[PDB]
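Presented below is the structure to which this report refers.
Rule-based calculations on the coordinates, nothing more; no lab input. Because the Cβ atoms are built from the backbone with ideal geometry, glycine has one as well, and the counts that use them run over all protein chains shown.
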Ligand SMILES: Nc1ncnc2c1ncn2[C@@H]1O[C@H](COP(=O)(O)OP(=O)(O)O)[C@@H](O)[C@H]1O
Ligand SMILES: Nc1ncnc2c1ncn2[C@@H]1O[C@H](COP(=O)(O)OP(=O)(O)O)[C@@H](O)[C@H]1O
């Protein structure tokens, strides 16, 4: 759960940065 | 070191057992505070009739 | 041997304190038994 | 705490009270430390519902 | 080994740690020091070198001028930095940097150009395929297991407290204080002069740092402990020098770390760490402060003083409102926690998209790191 | 009247001005700071006071901890204000307070207890015969020659916009916003740390404030100006520090005041100053909108940045309705205007009924100021 | 622009004569008036809802004439008798007309078990009452309403014959009365049950009007048959009224309604094994490494080393609470430079001055 939650969170830093 | 290592493993398992008692204490005071306030409100309503 | 002898006595008093702590949490849960029961009794009395 | 309830139409009390409660109470309270506790897929469905 | 695994390198002012991606433990931990000989050398035919690097430099302390390449978290001598990185890649890890990506950590607030330099001498000389730069204190929160909380990291070079909300940091609330373990070592050397013992060279500073690591603790109450030391002599310890002399430091055990909480001893204007993290919390929004009090995480080498957690909790509870609950989080392996966070960040499958490609660097120059790294 | 002139004392959050009524220029303008020594004084016969007030304190910046008695437009140290008033009356002007009336200025929206405390302090200790309290933003319009218009004021404490309609301050439409010069100075530190220049003590805050005063301007278009600054180095200028070092400010010159228009840089969720003025006019009735758009006066210390006038005009044109009369009236002396308005108001013959006698205060306590002065 | 007023208002009044159950009843009736206004069913001044406080003392509570339903507070209502005389003057200073209370008083004279009487003048209810045939069981709400009675209303109940004609037509046990061309009246033992019946009848009447207008006639309605349909414990309308009081309290309204089942709000927390436990349980100081002990003369004072073998104290602290304590506060800077000049220029002028001499030499001279 925690591992794939950070998976998703890093996904939105990609979405959010550019 | 041989009769060290077993002690550290068993005692680490012991803190991880401690923490459940600790946070269930945490829940227990807080629901005392809520139920004691609630009973005080009910007693106030009883006094006001 | 110094590291071993320190760690064992340290969590020995930890285990002693936790056996002490279990009685306290049992007291608190038994207290909630009276809290729930006595509050239910008050609301039943007010429901009359 | 002066919630500042919106004025209503003569036939529009429901809408005004609904938007006042929407201003007061957010529908997504899971944000913060509580967001970890629920599943990622389940939390989004809860928000949608 | 079958697939290329990234290299996680944590590089602070005090020591350098290096390991492989996804590993539990770093492979190499060694002081970040570059030494050069000072005395005349007349022994022809045996081992002499113009410069010593790493743990070998600290082995032969008696014939060197130890020189730290990183000062206050800022790299001031880049040739020694390249020598440290070369000794890290080849002598310790013994793996070529061109096969594997590398991950570096860096301070939150810093000069801009430093990052550019960390780019330029990493692609051009070591010929790495890709790298990434991450803030040091975020990895502590990742390794602790929490996505929301405020973290203090006080290394050997700089102290900084950052609050992170929903795993995504707040830049405006970042507080940075230039008070760390090296200034504590200098203060301890200054106050050890009053008893008669004198320490002046670089090897003596290393010895004083060892004394600080061995016998120091933070008092729960300064006035009560000072009066206790005024009463009896139970607060005395004896340390044996490498010369063979024995010194009794006594009262100074809790005066050296007390400069962390009262920086007026050093003459600095800024106040202690506890009100610093209190102001960092107060700079955030009101709604998120409840999670910030319950998720305070300590990290860094300086935060391994005995009794630091109780004193910190008492001070921050004195500052906090009475209705709020305070929870301090002190990992038993906090000293390495940043590196552990790096090992988490190099194992995520989404992180493969984060890497700065060599072709991208060749297209965009050294300024790619500001837009690519957050 | 003829024999004695009323004392006009403007208590700004950063500076304090004082003079005689009916005069063009204030006699003494000095910073509103109070410093205490921070180091042990060993010279026996040179003479060291317990605390330094005003310009004497700012001369010896290196050995003092400067404290501001007024914080965000709210007094936080009343005996410190007693010190600053004692310094104003006795040292700067060398006139007794018991022989002349005094005039005091205040923020448009302040707590009642603040007014009561000012009245109690001014009557109980200084024993002044007559005093009066005026709104700071109202007197600027009197100095403007106007009786109807919107007044925007921005000092070191707080920035507020009020409408005035034939001398009436509408209480509902007065708007407040926490974008002062001190926050711009703090943001100037926060952006100066990028280049590599570190300022941390309260002594260097005056240096950063002087840098802000001397080398800043407001961009007409931010997006074009960032590309212009990235393209060429013609925007860079050099400043010469008190210790002899030379810094190059470069890009940040139009980044310091931009926090006024976009408060999201500082982390505040509030709207910009242009939106604040627009909403302030929006809250009034329709009939006076035409003479509020056709009549706008800028005042305060912050409003002397070069190029703020055209940017303000463009940003308020972008929000105004079509074919609307828009004009900004900024006097060159816009941050001495409050004292000018105070002296003008004290100069009139029909103003002499505003004075509160000592007998009136003695009869009705400190609460008479609110009934006498509405 | 903050039109809301506190419904309770018992705090502000501090007057008059009230029974033990008067506070709850007044809060209930004022909350009912607020809910009738806030649904939009009624908006102007009339006497819609009436309550009985005591079964053996009458003293019914009615609304004063000329007050809108939004402006109704608990203290502003008027307590009267069965006949209609103002036995208790309300807090509101308005002229009192007690004409429309008479119909409610006739219904009160009919049934002893009724305590809440609600009258409706909504357009859909009046359209249903004006209709020749009775209300049709064409909706689930109408089925849940139950039985009903129909009585022709001439608009005045002052005559004794009309009052005695209402009593048998109403029935011994009936909850819903329909006044033709005038609307509906609901009778409830409790306020919540009457409110529930009012809401269900209200929904059912727009259902019936819309379906009857769109369908045309009765044949297309395919109406159902009512006969074929046939803590402690809840009493019909407890839960809905409790929820309404809860949400109204969350608006900031002060309602005196106490809750039979109170509400508990807990966030709770899910324990995660990845999370590490919490695991918790001015002045400058000058140090002296030694301690001196006073020893008598062996008079002249003597101080003693007291070395560490004799278990002496380790660290002696000296505290400085303010800067510049070494220098006196009040000092002229010119004096030191003046004395420096005075001392120095005696070198320039090269004096013949000798040091002081002791007085033992002066005595022998
Ligand atoms: N066990 C300890 N007790 C007290 N101080 C310590 C301890 N370990 C390390 N330190 C201090 O912390 C410093 C190391 O900090 P570290 O976290 O390694 O810095 P970084 O990792 O940021 O380079 C050392 O210089 C030492 O002064
Ligand atoms: N010539 C100038 N150029 C730029 N900024 C200035 C200038 N003079 C004053 N300021 C700014 O104005 C502020 C002083 O405002 P001030 O007028 O004292 O406020 P108040 O209205 O409270 O008296 C200072 O912080 C300074 O940054």
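Output the residues belonging to the stretch F:262-278 that are more than 16 Å from ligand 2 (Cβ to nearest atom), within 22 Å of the chain's Cα centre (by Cα) and part of a helix (DSSP H, G or I). If the condition is that a residue be more than 16 Å from ligand 2 (Cβ to nearest atom), within 22 Å of the chain's Cα centre (by Cα) and part of a helix (DSSP H, G or I), then F:263, F:274, F:275, F:276, F:277, F:278 are the ones that fit. When the test is whether a residue is buried (at least 18 other Cβ atoms within 10 Å of the Cβ), in a helix (DSSP H, G or I), within 16 Å of ligand 1 (Cβ to nearest atom) and within 12 Å of chain G (Cβ to nearest Cβ), residue E:225 does not pass it. Within the stretch F:2-13, the set of residues being in a loop (DSSP other than H, G, I, E, B) and near ligand 2 (Cβ under 9 Å from one of its atoms) comprises F:12, F:13. Across the stretch E:180-190, a minimum of one residue is classified as under 29 Å from residue E:139 (Cα atoms) and either touching a strand residue (DSSP E or B) at 6+ places or on another chain (Cβ under 6 Å) or within 12 Å of another protein chain (Cβ to nearest Cβ) (or both).
The listed residues are F:82, F:71, and the only one of them that is over 20 Å from residue G:334 (Cα atoms) and touching a helix residue (DSSP H, G or I) at 6+ places or on another chain (Cβ under 8 Å) turns out to be F:82.
The rows are residues; the columns are (1) away from chain D (no Cβ under 14 Å); (2) surrounded by 13 or more Cβ atoms within 10 Å (Cβ to Cβ); (3) more than 17 Å from residue G:61 (Cα to Cα).
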| residue | (1), (2), (3) |
| --- | --- |
| G:4 | no, yes, yes |
| G:7 | no, yes, no |
| G:18 | yes, yes, no |
| G:22 | yes, yes, no |
| G:30 | yes, yes, no |
| G:39 | no, yes, yes |
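Scanning the stretch C:1-44 for residues being more than 7 Å from every other protein chain (Cβ to nearest Cβ) and more than 24 Å from residue B:27 (Cβ to Cβ) gives a total of 10. Residues that are in contact with a strand residue (DSSP E or B) (Cβ under 6 Å, 6 or more places away or on another chain), away from ligand 2 (no atom under 14 Å from the Cβ) and within 14 Å of chain G (Cβ to nearest Cβ) number at least 1 in the following strands (runs of 3 or more DSSP E) confined to the stretch F:14-72: F:34-37, F:64-67.
Of the residues F:132, F:142, the single one that is away from ligand 1 (no atom under 16 Å from the Cβ), part of a strand (DSSP E or B) and closer than 22 Å to residue F:12 by Cα is F:132. Go through the stretch F:245-261 and give me each residue that's over 24 Å from the mean Cα position of the chain (by Cα) and part of a loop (DSSP other than H, G, I, E, B). Result: F:245, F:249. Assuming residue E:242 fulfils every condition listed in (1) over 28 Å from the mean Cα position of the chain (by Cα); (2) more than 10 Å from every other protein chain (Cβ to nearest Cβ) apart from one, which condition is it? Result: residue E:242 fails condition (1) only.
Before we move on, is residue G:274 farther than 29 Å from residue E:263 by Cβ and facing another protein chain (nearest Cβ under 9 Å)? The answer is yes for residue G:274.
Against the list (1) outside any helix (DSSP H, G or I); (2) under 30 Å from residue G:277 (Cβ atoms); (3) away from chain F (no Cβ under 14 Å), the condition residue E:104 fails is (2). Using the structure shown, decide if residue F:126 is surrounded by 14 or more Cβ atoms within 10 Å (Cβ to Cβ) and under 30 Å from residue F:207 (Cβ atoms). In short, no. Considering only residues in the stretch D:19-38 that are more than 10 Å from chain G (Cβ to nearest Cβ) and loosely packed, with under 14 Cβ neighbours inside 10 Å, the one that is nearest to residue G:70 (Cα to Cα) turns out to be D:19. With respect to being more than 16 Å from ligand 2 (Cβ to nearest atom) and over 23 Å from the mean Cα position of the chain (by Cα), residue F:192 falls outside the description.
Residue count for the stretch E:189-204 satisfying the condition of being in contact with a helix residue (DSSP H, G or I) (Cβ under 6 Å, 6 or more places away or on another chain) and not in a helix (DSSP H, G or I): 1. Looking at the stretch G:238-249, is at least one residue away from chain D (no Cβ under 14 Å) and outside any helix (DSSP H, G or I)? For the stretch G:238-249, residues away from chain D (no Cβ under 14 Å) and outside any helix (DSSP H, G or I): absent.
So how many residues does the stretch E:149-169 have that are over 25 Å from residue E:32 (Cβ atoms), within 14 Å of chain F (Cβ to nearest Cβ) and under 21 Å from the mean Cα position of the chain (by Cα)? Let's see the steps before the verdict.
Of the stretch E:149-169, the ones over 25 Å from residue E:32 (Cβ atoms) are E:149-150, E:163-169.
Next, only the ones that are within 14 Å of chain F (Cβ to nearest Cβ) stay: E:163, E:165, E:169.
Then keep just the ones that are under 21 Å from the mean Cα position of the chain (by Cα); that gives E:163, E:169.
Number satisfying all stated conditions: 2.
The residues of the stretch E:279-305 that are buried (at least 17 other Cβ atoms within 10 Å of the Cβ) and more than 16 Å from ligand 1 (Cβ to nearest atom), listed by number, are E:280, E:281, E:284, E:288, E:289, E:291, E:292, E:293, E:294, E:295, E:296.
Yes or no, residue by residue, for (1) in contact with a strand residue (DSSP E or B) (Cβ under 7 Å, 6 or more places away or on another chain); (2) more than 25 Å from residue G:192 (Cβ to Cβ):
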{"site": "G:15", "(1), (2)": "no, yes"}
{"site": "G:24", "(1), (2)": "no, no"}
{"site": "G:61", "(1), (2)": "yes, no"}
{"site": "G:97", "(1), (2)": "no, yes"}
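Which condition number in (1) on the phi > 0 side of the Ramachandran plot; (2) surrounded by 12 or more Cβ atoms within 10 Å (Cβ to Cβ) is the one that residue G:268 fails? Here residue G:268 clears every test but (2). Just so you know, in the stretch G:214-231 the residues that are under 44 Å from the mean Cα position of the chain (by Cα) and in a helix (DSSP H, G or I) include one that is nearest to residue G:123 (Cα to Cα), and it is G:226. Residues that are within 13 Å of ligand 2 (Cβ to nearest atom), within 20 Å of residue E:173 (Cα to Cα) and in a helix (DSSP H, G or I) occur in the stretch F:205-221; there is at least one.
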